Amino acid sequence: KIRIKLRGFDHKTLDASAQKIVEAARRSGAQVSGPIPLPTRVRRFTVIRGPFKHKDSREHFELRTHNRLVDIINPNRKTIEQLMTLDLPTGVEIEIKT
Amino acid sequence: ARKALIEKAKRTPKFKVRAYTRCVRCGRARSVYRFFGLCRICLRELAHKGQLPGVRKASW
Amino acid sequence: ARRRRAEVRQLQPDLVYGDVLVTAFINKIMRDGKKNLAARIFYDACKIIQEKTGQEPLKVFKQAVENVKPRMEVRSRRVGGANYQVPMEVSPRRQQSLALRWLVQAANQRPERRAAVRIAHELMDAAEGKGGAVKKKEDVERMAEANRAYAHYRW
Amino acid sequence: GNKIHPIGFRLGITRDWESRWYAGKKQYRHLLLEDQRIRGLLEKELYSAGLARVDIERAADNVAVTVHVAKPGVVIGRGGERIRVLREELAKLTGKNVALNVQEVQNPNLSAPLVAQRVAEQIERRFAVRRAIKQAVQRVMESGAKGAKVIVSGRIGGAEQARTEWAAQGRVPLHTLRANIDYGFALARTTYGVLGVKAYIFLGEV
Amino acid sequence: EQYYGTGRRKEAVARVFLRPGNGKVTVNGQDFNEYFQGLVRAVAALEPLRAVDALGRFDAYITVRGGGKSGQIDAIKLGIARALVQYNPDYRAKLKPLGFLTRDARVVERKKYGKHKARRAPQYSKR
Amino acid sequence: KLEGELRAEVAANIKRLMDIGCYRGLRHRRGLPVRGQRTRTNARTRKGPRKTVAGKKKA
Amino acid sequence: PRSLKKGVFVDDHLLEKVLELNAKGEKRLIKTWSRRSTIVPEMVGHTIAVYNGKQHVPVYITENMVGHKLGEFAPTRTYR
Amino acid sequence: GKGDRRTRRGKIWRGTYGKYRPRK
RNA sequence: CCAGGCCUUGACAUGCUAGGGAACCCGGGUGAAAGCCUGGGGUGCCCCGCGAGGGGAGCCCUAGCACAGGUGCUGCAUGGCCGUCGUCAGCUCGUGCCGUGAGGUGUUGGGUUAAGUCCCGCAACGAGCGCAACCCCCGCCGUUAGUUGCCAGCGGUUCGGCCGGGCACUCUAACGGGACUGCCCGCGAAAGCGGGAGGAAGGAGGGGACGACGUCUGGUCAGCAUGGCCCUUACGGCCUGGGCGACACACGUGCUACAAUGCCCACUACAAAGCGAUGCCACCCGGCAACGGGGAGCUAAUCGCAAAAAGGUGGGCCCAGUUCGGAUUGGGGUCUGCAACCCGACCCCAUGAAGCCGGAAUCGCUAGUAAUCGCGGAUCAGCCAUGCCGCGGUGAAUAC
Ligand SMILES: [Zn+2]
């Protein structure tokens, strides 16, 4: 019962990374629940355009922190081989709690 | 932003109520965002260059 | 409206009677989009008609409207650097619009306390050819042929 | 003013972030401050090297700063002496033990940031504004480029009334969100004032 | 046996279930009328049934999540429609003329900045 | 305490700080706000009718 | 209707400075900016000079004006 | 009744709770 | 910014010449703080001939110096960025042709479009910047994905989807489909227009983001940067207290209300989108209460903020300046925080003002709009926010 969470900024970077974990997992593991989105949390930013004073300007900025999950029940030492050190993405964070 | 107040506001004060924020970059203090630590001008100037990851342009 | 005549909004008939004339009327009572209330007002206002009048409120309603639609009105016009009141034949669209609007603007002026009542009563005195909903009618037309001195311009 | 920094508008379809990583809430603000610190040395010491971009991949404790140079035979130094320094002078700041990769610039004429600069230096050397611009544009056109463009802030040749020099070839659809137009900005400091150079370079399609 | 349809409206979903029966509506285990008490246009929900003289032939096990009670109405209404095709597809013949298989983006419009709502611009006095 | 006696306690209570160089007191003498409001605009409740004065041209 | 919960506040600047005036009896003039402080019964009768924006107005303290603060006795705004 | 800080809607407006709008 | 007290290679950089000291830490006096004075323990890394000790790097003070510093003027000296005409539909170029030439033509005319959008025509044919399009949200549907979702179908209940069990639906989110006037009728030389149909959706399906060449010598040297002049024992630096909140008035943006289509109290039902570590705080308890004591859960689709409000049922009010309205003032508390006098919000009792729908005049808004109702966040100890930026609930009128 290895709970795998994948939080990232680029949904392409996660999608792939979540695929990379999904592929070599059915190869040496057992029955996988697949990748699941959450939610996804955004951080809006309502700033004014001009540095001067024109309240009516304002540029909108966002920051989506996507969330992914891949569960793996019936954990074998074999499975933990392929998924030991076989990563590739750079703007992705993972945390496992089993 | 006078050097006298940037470097100043950094020193640990005798009362924690006194500690205010400034932009790490511009030195502005009228309105900096905690999440990044920059003035509303600086937030922009960077977001554009793309120097603040995951920081896109909103649209809905 | 500058490019086209602009299509008129078709409404949903009533759940009770089914006459769209109903829907129009309520809409006019509705304030702050409380259409659930505005509806009750009309309804209980109909119940007052059954208890005080031996007739079907649906028909009553109609005869009331029918009787307030003014068929003559005035329309301001700057003819030669002056405000000449120019009487003119009123269209079916505007009639309907004016009636309901007056039925309510007059209604709320009644000395009565409850709103459902105030409306109920205006719908009655209306048919009989009185009240004030019909007074704002005769007052208009009383301006029509009043300055019919000017009916020789546009239309 | 009108317009909207072309780049900031494109990080969505095509054009990535100048520093791509991930962070929490407690670390983001801190991380970034340290990041900006980095460029505050690279820009200073790597001036003449023909700097272009500063990719930054973060990770656990590990970090990687890829630096794009026009002239790597400079950053590197003699056999590997300067790059050695730049790493130590680097760890002196960041207690993170980070690598520093270096990628030669395939044709500095197609790199908007650089292009802009090219003009800049030329303006400090008291060069001819109008001409400096035109040549600039052709340089981009001859090699590849589907569109070039250079602008200037004001006080062309130190006049008393700042003006704007317009100049370009090909296309530069700052409205077509599928362009991939690099945009550079210089900042020449002259005896009479500051003047702002701007590049714009159109490249490809879908 | 089971006739689902799916009915979404103004950020609200309604699970539509038509089982053949006496003719009653259960929404979230509650008596229909006990839920929609005071709602004038409530009756609107049943319009699509009374459309094909099919009043009282089916039951109504309906759920709902999101939106507003005075929007939950139109919500069910559409739903009931979609399941009805399942039973008899030849039904559109009287349904669509009444336009019950339509869905309009009547959604609440994004609030623009500088303004005070969707359009509502702030007032100016001496210009 | 009610009418016969309250209207007294308050009346005198006001004089309390009045008799002393109490800030709050002064505000009572001037007939301005006491609890801390602004005196540039909306304070017509403590002053009452508006006392319109002259100004000066700009056109 | 103002309040300072449980624990009346007075600045130790003059508190322990005023109590050293009771060992001897009475004094004449005191000068301390701290106006932040509430007036204690133990200060009554003293002649404290509190700072304005520029001046130092002396304030004589009475039994009936103990429930207040020093600042309440220093007008800052010059008017009329 | 949006300024009467001692009524139902009164607290609702200021967003406070007291003797007129409790926590249940 | 003002007052008063204090500081000068100075709160910050790089460095230089002379003399003294590891850095460092821990006291006391005077004091409003800063500052000034004073005192102690404390003696490292280098390199050298063993030692003693000598020179040195970093670090500190002292005296002098280069310089730091200046929100000090100048946005008609400037960058950058923004406002604006104007999301308007224009602005132009090559080559060709017209004209001595300035210039013209193209871009125009007739039709059409939301549009220099497209048709027809014509000494022009193209092209660039702009329109549109590519990109995001919303509406239908598909695939991939199942700790959200459900007797949808079965087994048990503390009958709470609680448990199993199951992914179907709701959802969640990443990819893809789908409308193109394609079809039918009529009008038209074409472009296109009107109407209909099938469709979740129509003729740009709703909304975004997106602003041409230039205009105003627009705004901004107080965000940043920067030419130039101006101050450098001060035009600088620390601090304490005051001020930015001042009031005879005047105008702008708004908030609350004048009430019965309503106010109050009670019971009851639908929302979305956001935020949360010393932070959100379930829950128990003390108190009228703000709050406090206690203490679980959450690292957050699985915990919390939370109650949505309007609505719905019951009942109270009876047209009153009132159970309308909540200003001002008295009183007593809570909390934040070094500190709430100047100048904080909140609770509670009392007080209960103006105000009974607004002069001349003036604003917004063409549909899920307006109107109305609540919710969230940024900033932030707290908060003077009735503001701003988003969220959804309900839900018009009207356009000759
Ligand atoms: Zn900044």
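As summarised from the PDB record, the model derives from X-ray crystallography at a stated resolution of 3.300 Å.

Caption draft 1: Region of interest: a positive patch on the surface. A cluster of basic residues, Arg24 and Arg35 of chain F, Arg2 of chain G together with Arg5, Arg6, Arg14 and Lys19 of chain H, forms a positive patch at the surface. Position of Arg24 of chain F relative to the elements: it lies in helix α2 (residues 23–30).

Caption draft 2: Region of the structure containing the coordination of the zinc ion. Residues and elements named next belong to chain B. Coordination of the zinc ion by the protein comes from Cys23 (SG), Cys26 (SG), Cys39 (SG) and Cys42 (SG), over a distance range of 2.0 to 2.5 Å. One chain supplies every donor for the zinc ion, spaced along it as C-x2-C-x12-C-x2-C. A residue pair is termed long-range when its members are at least 10 positions apart, and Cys26 in the loop between α1 (3–10) and α2 (40–49) and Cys42 in helix α2 qualify at 16 residues.

Caption draft 3: Quick peek at the sheet that holds strand β3 (residues 45–47) of chain A. Strands sit in the order β3(A)-β4(A)-β1(B) across an open sheet of 3 strands; the sheet is antiparallel. The strands lining the two open edges of the sheet, one partner per strand, are β3 of chain A together with β1 (56–57) of chain B. Relative to strand β4 (residues 59–62) of chain A, β3 of chain A runs antiparallel, the two being bridged by 3 bridges. Of the residues in β4 of chain A, the one forming a bridge with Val47 of chain A is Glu59 of chain A. Packing against the sheet, α2 of chain B makes contact with β3 and β4 of chain A, and its axis sits at approximately 65 degrees to β4 of chain A.

Caption draft 4: The interface of chain A and chain D, seen in detail. In this complex, chain A contributes 10 residues to the contact, which on the side of chain D involves 9 residues. Here chain A meets chain D over a buried area of about 820 Å², counting both sides, of which 58% is carbon and sulfur. Considering only the side of chain A, the residues that lose the most area to chain D are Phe9, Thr90 and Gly91 of chain A, jointly responsible for 54% of the buried surface there. There are 0 salt bridges connecting chain A and chain D. Considered class by class, the residues forming the side of chain A that touches chain D number 2 nonpolar, 4 polar and 4 charged.

Caption draft 5: Representation of the state of the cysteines within the structure. All names here are of chain B. One pass over the full model with this rule turns up 1 disulfide over all chains. The disulfide partner of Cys26 is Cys39, and the S-S distance across this bridge is 2.1 Å. Residue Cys26 is found in the loop between α1 and α2, and its partner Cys39 is found in the loop between α1 and α2; the two are separated by 13 residues along the sequence. The exposure class of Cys39 is buried, given its relative accessible area of 1%.

Caption draft 6: Just unusual backbone geometry, in detail. Here the amide bond leading from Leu38 of chain A into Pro39 of chain A is cis, since omega sits at 0 degrees, within 30 degrees of zero. Along the chain, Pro39 of chain A falls in strand β2 (residues 32–41). For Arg126 of chain D, which is not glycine, the phi torsion reads 65 degrees and is therefore positive. Topologically, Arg126 of chain D is positioned in the loop between α5 (112–124) and α6 (129–143). The class for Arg126 of chain D is exposed, based on a relative accessible area of 75%. With phi around 100 degrees, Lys24 of chain H is a residue other than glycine that occupies positive phi space. By the secondary structure assignment, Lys24 of chain H is in the segment after α1 (8–14).

Caption draft 7: Spotlight on the protein's contact with RNA strand I. Around RNA strand I, the surrounding shell holds 232 residues, and the nearest of these are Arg5 and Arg118 of chain C, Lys3 of chain D, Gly114 of chain E together with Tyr79 of chain G. A breakdown of the atoms of RNA strand I within 4 Å of the protein gives sugar and phosphate a share of 77%. With respect to RNA strand I, the side chain of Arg40 of chain C contributes an N or O atom lying 2.4 Å from a phosphate oxygen. Ranked by residue count, the leading element in the surface near RNA strand I is β2 of chain A, at 10 residues. Class assignment for the residues of the surface near RNA strand I results in 67 nonpolar, 63 polar and 102 charged.

Caption draft 8: The arrangement of the chains, seen in detail. Considering every one of the 7 pairs of chains in contact, the largest contact total is recorded for chains A and B. At the level of C-alpha atoms, the two units chain B and chain G stay apart, their nearest approach being 15 Å.

Caption draft 9: Broad picture of the sheet that holds strand β2 (residues 47–51) of chain G. All names here are of chain G. With mixed pairing, the 3 strands of this open sheet are ordered in space as β1-β2-β3. Of all the strands in the sheet, the pair left with one neighbour each is β1 (30–31) and β3 (56–60). Pairing between β2 and β3: 5 bridges, direction antiparallel. Looking at the pairing, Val50 lines up with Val57 of β3.

Caption draft 10: Structural view of helix α2 (residues 28–45) of chain D. In this model α2 of chain D runs 27 Å from its N-terminal to its C-terminal C-alpha over 18 residues, within 8% of the 26 Å that 1.5 Å per residue would give. For α2 of chain D, the secondary structure elements touched by its buried residues are β1 (51–58) and β2 (63–69) of chain D.

Caption draft 11: Summary view of the interface of chain A and chain B. Contact with chain A, which involves 16 residues of that partner, is made by 18 residues of chain B. Looking at the side of chain A facing chain B, the largest losses of area belong to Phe45, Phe61 and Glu62 of chain A, adding up to 31% of the total buried there. At the surface where chain A touches chain B, the tally comes to 2 salt bridges. Of the charged contacts, one joins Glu59 of chain A and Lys57 of chain B as a salt bridge, the two residues approaching to 3.3 Å between their closest N and O atoms. Where chain A touches chain B, the interface holds 7 residue pairs in polar contact. For the side of chain A that touches chain B, the elements supplying multiple residues, two or more each, are β3 and β4 of chain A. No other element matches β4 of chain A, which puts 4 residues into the side of chain A that touches chain B. Classifying every residue of the side of chain A that touches chain B by side-chain character gives 7 nonpolar, 3 polar and 6 charged. Direction of pairing for β4 of chain A relative to β1 of chain B: antiparallel, over a ladder of 2 bridges. Among the inter-strand pairings, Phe61 of chain A is bridged to a residue of β1 of chain B, identified as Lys57 of chain B.

Caption draft 12: How the structure looks around the nonpolar core. Core analysis: the biggest nonpolar cluster contains 38 residues, and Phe25, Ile29, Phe42, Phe61, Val68, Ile119 and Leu123 of chain C have the highest contact counts within it. Counting residues per element, the ones that place at least two in this core are α1 (20–29), α2 (35–52), α3 (57–66), α4 (92–107) and α5 (115–127) of chain C. The biggest single contributor to this core is α2 of chain C, with 9 residues. The contact partners of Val68 of chain C, leaving out residues within four places of it in the chain, are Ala99, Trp102, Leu103, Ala133, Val134 and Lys137 of chain C. Listed in part, the 23 residues of the second largest apolar core include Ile123, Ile133, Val152 and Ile201 of chain D.

Caption draft 13: Focus on the packing of aromatic side chains. Summed over all chains, the structure comprises 23 aromatic pairs over all chains. Seen from their ring centres, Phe35 of chain B and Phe36 of chain B are 4.8 Å apart, and the 80 degrees between their planes marks the pair as edge-to-face. We note that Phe35 of chain B, like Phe36 of chain B, is buried. Here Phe36 of chain B and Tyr28 of chain D contribute two aromatic rings whose centre-to-centre distance is 5.5 Å and whose plane-to-plane angle is 70 degrees, an arrangement assigned as edge-to-face. Within this pair, whereas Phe36 of chain B is found in the loop between α1 and α2, its partner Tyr28 of chain D is found in helix α2, the two belonging to separate chains. Through pairs of rings, three or more aromatic residues link up here, namely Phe9 and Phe45 of chain A, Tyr33, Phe35 and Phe36 of chain B together with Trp21, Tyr22 and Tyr28 of chain D. One cation-aromatic arrangement involves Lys149 of chain D over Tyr200 of chain D; the distance from NZ or CZ to the ring centre is 5.3 Å. Directly above the aromatic system of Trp60 of chain B lies the positively charged group of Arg110 of chain E, at a separation of 4.3 Å from the ring centroid.

About the thresholds
Residues numbered from 1 in each chain as written, not as in the entry; some residues may be left out. Chains lettered and ligands numbered in written order. Part of a larger assembly, values for the part shown. Heavy atoms only, no water. Patch = residues over 30% accessible without salt bridge, like charges linked within 9 Å, V, L, I, M, F, W, Y side chains within 5 Å. Areas by Shrake-Rupley, 256 points an atom, 1.4 Å probe, with all protein chains shown as cover. Salt bridge = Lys/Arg side-chain N within 4 Å of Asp/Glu carboxyl O. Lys, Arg positive; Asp, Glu negative; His and termini not counted. Charge placed at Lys NZ, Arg CZ, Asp CG, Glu CD. Helix = DSSP H or I, 4+ residues; strand = E, 2+ residues; numbered from the N terminus. Donors = N, O, S within 2.8 Å, 3.2 Å for Na, K, Ca; no water. Pairing = 2+ DSSP bridges. Contact = heavy atoms within 4.5 Å. Axes fitted to C-alpha atoms, helices over the stretch in contact; angles between N-to-C directions. Buried area = accessible area lost by both parts, 1.4 Å probe. Nonpolar A, V, L, I, M, F, W, Y, C, P; charged D, E, K, R; others polar. Disulfide = S-S within 2.5 Å. Buried < 20%, exposed > 50% of the residue type's maximum accessible area, 1.4 Å probe, protein only. Near = heavy atom within 4 Å. Polar contact = N/O pair within 3.5 Å; in protein donor to acceptor, adjacent residues only side chain to side chain. Expected span 1.5 Å × (residues − 1). Core = buried A, V, L, I, M, F, W, Y, C linked by side-chain atoms within 4.5 Å. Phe/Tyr/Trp six-rings, centres within 6.5 Å; stacked < 30°, edge-to-face > 60°. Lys NZ or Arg CZ within 6 Å of the ring centre and 35° of its normal.

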